[PDB]
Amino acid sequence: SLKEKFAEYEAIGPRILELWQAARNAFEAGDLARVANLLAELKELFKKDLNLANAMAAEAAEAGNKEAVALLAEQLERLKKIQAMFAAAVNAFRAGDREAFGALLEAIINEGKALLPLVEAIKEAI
């Protein structure tokens, strides 16, 4: 069902946010091995998040829930931007561009925060 997916989707956003913030803390501490570990887990969770948003858009389309498709579309537009920020963050990490990495971390975390309120609305539309 569409509700079965939303339940997984809703749980994963706050986990992602927490790991982005842990990545930042570990980076300021110099714990680069843990930064890497956190990034490795973030790529998995982010892939999971994006796949669920698309699947729910497909599922909400089948049911004619036009309101949910629309909420899911603006969330997918944000996800696409986060994906590009993520890719730039990973390259900054590998290059040791500390100022780029630190700035990208801020931008990603703020985008992560901005996603959560809209996830709430999706609960209501399904």
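The first residue of the shown sequence is 1; numbering continues from there.
- In this entry, 53-61 shows the higher mean Cα temperature factor of the pair 80-88 and 53-61.
- Legend: mean Cα B-factor per stretch from the PDB entry, 90-98 versus 71-79; the higher mean is in 71-79.
- As recorded in the PDB entry, 118 shows the highest C-alpha B-factor of the residues 108, 22, 16, 118.
- Among the modelled residues of its chain, residue 12 has a C-alpha B-factor that falls in the highest third, as given in the PDB entry.
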